[PDB]
Structures are given as structure tokens and as C-alpha cells.
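In the deposited numbering, the protein residues as written are 15 to 129. Where a beta carbon is used, it is the ideal one built from N, C-alpha and C, also for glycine.
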Amino acid sequence: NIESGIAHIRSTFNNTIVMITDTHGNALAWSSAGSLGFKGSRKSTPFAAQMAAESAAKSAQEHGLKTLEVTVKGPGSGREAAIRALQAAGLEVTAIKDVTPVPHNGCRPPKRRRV
RNA sequence: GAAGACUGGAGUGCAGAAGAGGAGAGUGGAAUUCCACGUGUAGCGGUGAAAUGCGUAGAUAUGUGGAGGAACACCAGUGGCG
Ligand SMILES: [Mg+2]
Ligand SMILES: [Mg+2]
């Protein structure tokens with residue numbers, strides 16, 4: 015019995031996580047690639063992202079909602095599968111906003127690999 | 001070498017110009033970490049594959065607030081100063 019939810023998709027090189035929340039920040043249900051029962055490196059596949067997004071949409075619809083807002087972060091490739099699954103589950107999306115955090119030359123990054 | 005004479009060298013005068021040149025004091029935003037509190041449940045992280053590791057004493061995620069330190073995205077350019 016909540017409308018106007020928000021979806022947070024965190025898709026990285028190793029996993030993807032979908033958070034469904036109210037318009038304020040209180041979570042309702044969540045689903046991750048490993049929560050579906052997947053193995054390790056297989057979590058990065060966009061197929062697992064599609065499955066996780068479908069599961070999150072179904073769990074959100076169990077309590078019922080109509081519209082949704084999409085926030086984007088992470089460098090993973092499971093983004094498109096997640097957003098298309100959210101579209102196909104019956105939820106309309108007002109807009110997609112990217113919230114990938116970029117610093118203004120803040121803390122130094124860890125050293126490059128194979129050195 | 002000595003005594004004179006002259007401005008091309010050199011320097012001063014007068015009028016403008018540009019610059020991350022140097023020292024001192026104060027301030028700003030983005031982000032990371034830690035702490036406290038709401039929502040929420042079983043994984044998160046990582047790799048060529050894994051595992052050590054954190055997590056039901058309740059993470060990862062998300063919202064609010066607080067503490068502190070370091071570095072200054074776009075401008076940015078075989079551009080500039082020494
Ligand atoms: Mg001259
Ligand atoms: Mg938190």
C-alpha cells in the first residue's frame with residue numbers, strides 16, 4: 015500500500031544489487047545476484063542482473079506499487095538488464111539519474127595491479 | 001698606460017601588460033573512513049578461478065546527523081612563471 019517508490023541499482027564488476035525503497039529512504043525489499051543462489055564470478059553476468067531485478071520487482075509488487083525512480087551507480091555491465099527488467103515488470107519509470115560518486119581529487123586510490 | 005670626447009653594450013627614468021614565482025593567516029565544496037539513530041533481510045567483498053576476511057551479537061544497501069585528516073574534478077591548452 016505504498017506508491018511512488020525509488021529503485022537503487024548498484025552494479026559493479028563483481029555483483030549487482032537492487033534496493034527498493036519508499037520516497038524517503040526506508041527500504042521495502044531487496045535482491046542481489048548472489049541472493050538468487052548464484053555462484054561467484056557468475057554474479058557479474060547481466061543475466062543474473064536481469065534475474066535480480068525481476069525478483070526485486072516481484073517482491074515490491076507483493077506489497078504493491080505503481081511508479082518508480084531509478085538511481086544509477088557502479089561501473090558494471092548489468093545496468094541495462096536491470097532497467098529493462100524493471101520496465102518489463104509493469105513499473106513505469108519517470109527518469110533515470112546517475113549518482114556515481116566522483117571526488118574532486120580526494121583520497122589517493124590504491125596502487126595499480128601487476129606492479 | 002695617462003688625459004679627453006660619443007652612445008650601439010649596460011643600467012635608471014616615464015607609460016602600459018601578463019603570469020600555478022615565494023612566505024604568512026583565514027575560508028570552501030565533492031569524496032573516503034569512523035560513530036549514533038530510522039527501514040530492511042541473508043548474504044557482502046574478491047579473483048583467471050578461489051579462499052582468507054566482514055555478517056543473524058545483523059551486515060552489504062538506503063536516509064538523517066556528528067568527528068577528523070589529506071588532496072584540490074570541470075577551467076586544462078608540445079598554455080604560463082622561475
Ligand atoms: Mg638598451
Ligand atoms: Mg549505513
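Simplified DSSP assignment, three categories, for residue i
i, result
"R24", "strand"
"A74", "helix"
"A66", "helix"
"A109", "strand"
"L82", "strand"
"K57", "helix"
"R93", "helix"
"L50", "coil"
"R122", "coil"
"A102", "helix"
Residue i - partner residues in DSSP beta bridges
i, result
"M33", "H22 and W44"
"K87", "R24"
Contact check, residue i vs residue j, beta carbons under 8 Å
i, j, result
"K87", "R127", "no"
"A70", "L105", "no"
"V32", "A21", "yes"
"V84", "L100", "yes"
"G19", "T30", "no"
"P60", "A95", "yes"
"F27", "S55", "no"
"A74", "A109", "no"
"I16", "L82", "no"
Q) Any contact of the segment 60-75 with the segment 39-48, i.e. 3+ C-beta pairs under 8 Å? A) yes
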